[PDB]
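Quick look at entry21.pdb (PDB, C-alpha atoms and all ligand atoms):
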```pdb
ATOM      1  CA  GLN I   1       2.003  -3.863 -15.420  1.00  0.00           C
ATOM      2  CA  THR I   2      -0.198  -3.903 -12.292  1.00  0.00           C
ATOM      3  CA  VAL I   3       0.977  -5.635  -9.068  1.00  0.00           C
ATOM      4  CA  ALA I   4      -1.317  -6.325  -6.085  1.00  0.00           C
ATOM      5  CA  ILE I   5      -0.519  -5.774  -2.386  1.00  0.00           C
ATOM      6  CA  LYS I   6      -2.824  -7.196   0.285  1.00  0.00           C
ATOM      7  CA  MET I   7      -3.806  -4.959   3.212  1.00  0.00           C
ATOM      8  CA  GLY I   8      -3.853  -7.345   6.210  1.00  0.00           C
ATOM      9  CA  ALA I   9      -1.832 -10.543   5.801  1.00  0.00           C
ATOM     10  CA  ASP I  10      -3.330 -13.966   5.110  1.00  0.00           C
ATOM     11  CA  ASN I  11      -1.879 -15.189   8.432  1.00  0.00           C
ATOM     12  CA  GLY I  12      -3.810 -12.525  10.389  1.00  0.00           C
ATOM     13  CA  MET I  13      -1.003 -10.008  10.935  1.00  0.00           C
ATOM     14  CA  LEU I  14      -1.464  -6.234  10.604  1.00  0.00           C
ATOM     15  CA  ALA I  15       0.867  -5.891   7.626  1.00  0.00           C
ATOM     16  CA  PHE I  16       0.922  -5.257   3.878  1.00  0.00           C
ATOM     17  CA  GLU I  17       1.791  -8.463   1.937  1.00  0.00           C
ATOM     18  CA  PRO I  18       4.221  -8.359   0.383  1.00  0.00           C
ATOM     19  CA  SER I  19       5.781  -5.851   2.759  1.00  0.00           C
ATOM     20  CA  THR I  20       8.479  -4.888   0.243  1.00  0.00           C
ATOM     21  CA  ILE I  21       7.917  -5.038  -3.524  1.00  0.00           C
ATOM     22  CA  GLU I  22      10.054  -3.878  -6.444  1.00  0.00           C
ATOM     23  CA  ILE I  23       8.434  -2.637  -9.650  1.00  0.00           C
ATOM     24  CA  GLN I  24       9.451  -0.745 -12.792  1.00  0.00           C
ATOM     25  CA  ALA I  25       8.865   3.001 -13.323  1.00  0.00           C
ATOM     26  CA  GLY I  26       5.389   3.372 -14.914  1.00  0.00           C
ATOM     27  CA  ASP I  27       3.922   0.302 -13.206  1.00  0.00           C
ATOM     28  CA  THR I  28       0.706   0.493 -11.177  1.00  0.00           C
ATOM     29  CA  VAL I  29       0.309  -0.752  -7.642  1.00  0.00           C
ATOM     30  CA  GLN I  30      -3.118  -1.999  -6.564  1.00  0.00           C
ATOM     31  CA  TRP I  31      -3.830  -2.350  -2.823  1.00  0.00           C
ATOM     32  CA  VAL I  32      -6.554  -4.902  -1.950  1.00  0.00           C
ATOM     33  CA  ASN I  33      -8.405  -4.889   1.374  1.00  0.00           C
ATOM     34  CA  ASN I  34      -7.804  -8.367   2.751  1.00  0.00           C
ATOM     35  CA  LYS I  35      -8.259  -8.754   6.513  1.00  0.00           C
ATOM     36  CA  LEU I  36      -8.516  -6.608   9.636  1.00  0.00           C
ATOM     37  CA  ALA I  37      -9.967  -3.499   7.975  1.00  0.00           C
ATOM     38  CA  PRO I  38     -10.216  -0.662   8.045  1.00  0.00           C
ATOM     39  CA  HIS I  39      -6.938   0.368   6.467  1.00  0.00           C
ATOM     40  CA  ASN I  40      -5.590   3.253   4.385  1.00  0.00           C
ATOM     41  CA  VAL I  41      -2.341   4.070   2.565  1.00  0.00           C
ATOM     42  CA  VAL I  42      -0.232   7.176   3.025  1.00  0.00           C
ATOM     43  CA  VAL I  43       2.878   7.274   0.813  1.00  0.00           C
ATOM     44  CA  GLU I  44       5.482   9.406   2.648  1.00  0.00           C
ATOM     45  CA  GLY I  45       6.072  12.720   0.875  1.00  0.00           C
ATOM     46  CA  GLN I  46       3.619  11.910  -1.928  1.00  0.00           C
ATOM     47  CA  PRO I  47       0.099  13.160  -1.382  1.00  0.00           C
ATOM     48  CA  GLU I  48      -0.770  12.414  -5.027  1.00  0.00           C
ATOM     49  CA  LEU I  49      -0.023   8.688  -4.646  1.00  0.00           C
ATOM     50  CA  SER I  50      -1.788   8.409  -1.282  1.00  0.00           C
ATOM     51  CA  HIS I  51      -5.298   7.198  -0.389  1.00  0.00           C
ATOM     52  CA  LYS I  52      -6.262   8.716   2.993  1.00  0.00           C
ATOM     53  CA  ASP I  53      -9.872   7.572   2.878  1.00  0.00           C
ATOM     54  CA  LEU I  54     -10.395   4.394   4.902  1.00  0.00           C
ATOM     55  CA  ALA I  55     -11.189   1.119   3.136  1.00  0.00           C
ATOM     56  CA  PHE I  56     -13.764  -0.913   5.100  1.00  0.00           C
ATOM     57  CA  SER I  57     -14.934  -3.824   2.922  1.00  0.00           C
ATOM     58  CA  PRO I  58     -13.008  -6.908   1.938  1.00  0.00           C
ATOM     59  CA  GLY I  59     -11.920  -6.721  -1.692  1.00  0.00           C
ATOM     60  CA  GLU I  60     -12.054  -2.922  -1.934  1.00  0.00           C
ATOM     61  CA  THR I  61      -9.163  -1.836  -4.133  1.00  0.00           C
ATOM     62  CA  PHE I  62      -7.416   1.431  -5.023  1.00  0.00           C
ATOM     63  CA  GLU I  63      -4.302   2.084  -7.091  1.00  0.00           C
ATOM     64  CA  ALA I  64      -1.411   4.420  -7.737  1.00  0.00           C
ATOM     65  CA  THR I  65       1.004   4.626 -10.685  1.00  0.00           C
ATOM     66  CA  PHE I  66       4.646   5.271  -9.742  1.00  0.00           C
ATOM     67  CA  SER I  67       6.339   7.113 -12.578  1.00  0.00           C
ATOM     68  CA  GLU I  68       9.559   8.097 -10.784  1.00  0.00           C
ATOM     69  CA  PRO I  69      12.313   5.674  -9.797  1.00  0.00           C
ATOM     70  CA  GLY I  70      13.195   5.636  -6.099  1.00  0.00           C
ATOM     71  CA  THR I  71      12.296   3.974  -2.792  1.00  0.00           C
ATOM     72  CA  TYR I  72       8.924   4.848  -1.283  1.00  0.00           C
ATOM     73  CA  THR I  73       7.824   4.154   2.290  1.00  0.00           C
ATOM     74  CA  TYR I  74       4.083   3.948   2.991  1.00  0.00           C
ATOM     75  CA  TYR I  75       1.971   3.158   6.048  1.00  0.00           C
ATOM     76  CA  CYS I  76      -1.558   2.579   7.274  1.00  0.00           C
ATOM     77  CA  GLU I  77      -2.690   5.374   9.669  1.00  0.00           C
ATOM     78  CA  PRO I  78      -4.992   3.269  11.889  1.00  0.00           C
ATOM     79  CA  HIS I  79      -2.339   0.544  12.293  1.00  0.00           C
ATOM     80  CA  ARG I  80       0.926   2.471  11.989  1.00  0.00           C
ATOM     81  CA  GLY I  81       1.507   1.899  15.709  1.00  0.00           C
ATOM     82  CA  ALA I  82       1.319  -1.871  15.124  1.00  0.00           C
ATOM     83  CA  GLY I  83       4.056  -1.690  12.459  1.00  0.00           C
ATOM     84  CA  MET I  84       1.790  -1.728   9.358  1.00  0.00           C
ATOM     85  CA  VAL I  85       4.362  -0.066   7.091  1.00  0.00           C
ATOM     86  CA  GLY I  86       5.544  -1.084   3.621  1.00  0.00           C
ATOM     87  CA  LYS I  87       8.155  -0.250   1.003  1.00  0.00           C
ATOM     88  CA  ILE I  88       7.941   0.056  -2.765  1.00  0.00           C
ATOM     89  CA  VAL I  89      11.177   0.162  -4.794  1.00  0.00           C
ATOM     90  CA  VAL I  90      10.754   1.554  -8.291  1.00  0.00           C
ATOM     91  CA  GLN I  91      13.434   0.460 -10.714  1.00  0.00           C
TER      92      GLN I  91
HETATM   93 CU    CU A 101      -4.203  -0.936   8.396  1.00  0.00          CU
END
```

Would it be possible to restate this file's structure as structure tokens?
Ligand SMILES: [Cu+2]
Amino acid sequence: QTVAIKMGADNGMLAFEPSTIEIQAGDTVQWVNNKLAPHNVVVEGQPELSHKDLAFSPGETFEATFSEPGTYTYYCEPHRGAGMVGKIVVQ
């Protein structure tokens, strides 16, 4: 299945929403540019699941398929200092 994660929270915070999500191995994660762009996504240790290019427009989406079970930490480079970090748990 495909699950969506917003980049920039609906309440205006610099955060991914939901900040922690659990999925099944083989599922696809879609990040959607919501508010306070630009944003990007770097998945720690996983260059192949990362999207370093900045996303500027609202609605811009990009995705990654997580085939290996485990816990993955990811962050936004522009806003890492503001705590824009997330977690994906793959079951
Ligand atoms: Cu950001």

Quick one: which residues end up in the PyMOL selection byres (((not hetatm)) within 12 of (chain A and resi 101)) for this structure, as a ChimeraX atom specification? /I:6-9,12-17,31-42,52-56,74-86

Env of residue 71 (chain I): 10 Å cut, atoms = only C-alpha atoms, seq-sep filter 6 positions within chain, self excluded. Answer as a ChimeraX atom specification. /I:22,87-91

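Put simply, the PyMOL selection byres (((chain I and resi 3) around 10) and not hetatm) in this file takes in residues 1, 2, 4, 5, 21, 22, 23, 27, 28, 29, 30, 31 and 63 of chain I.
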
Export of the given selection (C-alpha atoms) as an mmCIF file, in the coordinates of the input:
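What follows is the written file out.cif:
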```cif
data_model
loop_
_atom_site.group_PDB
_atom_site.id
_atom_site.type_symbol
_atom_site.label_atom_id
_atom_site.label_comp_id
_atom_site.auth_asym_id
_atom_site.auth_seq_id
_atom_site.Cartn_x
_atom_site.Cartn_y
_atom_site.Cartn_z
ATOM 1 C CA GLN I 1 2.003 -3.863 -15.420
ATOM 2 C CA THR I 2 -0.198 -3.903 -12.292
ATOM 3 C CA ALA I 4 -1.317 -6.325 -6.085
ATOM 4 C CA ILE I 5 -0.519 -5.774 -2.386
ATOM 5 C CA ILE I 21 7.917 -5.038 -3.524
ATOM 6 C CA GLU I 22 10.054 -3.878 -6.444
ATOM 7 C CA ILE I 23 8.434 -2.637 -9.650
ATOM 8 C CA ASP I 27 3.922 0.302 -13.206
ATOM 9 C CA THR I 28 0.706 0.493 -11.177
ATOM 10 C CA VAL I 29 0.309 -0.752 -7.642
ATOM 11 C CA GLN I 30 -3.118 -1.999 -6.564
ATOM 12 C CA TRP I 31 -3.830 -2.350 -2.823
ATOM 13 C CA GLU I 63 -4.302 2.084 -7.091
#
```

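Distance-wise, CA of residue 26 (chain I) and CA of residue 60 (chain I) end up 22.6 Å apart.
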
How many Å separate CA of residue 57 (chain I) from CA of residue 11 (chain I)? 18.2 Å

First collect every listed atom of region 50-53 of chain I; then fit an axis-aligned box around them, widen it by 4 Å on each side, and give centre and edge lengths in Å to one decimal, as AutoDock Vina command-line options.
```
--center_x -5.8 --center_y 8.0 --center_z 0.9 --size_x 16.1 --size_y 9.5 --size_z 12.3
```

Suppose you want the space between CA of residue 24 (chain I) and CA of residue 10 (chain I); what is it in Å? 25.7 Å
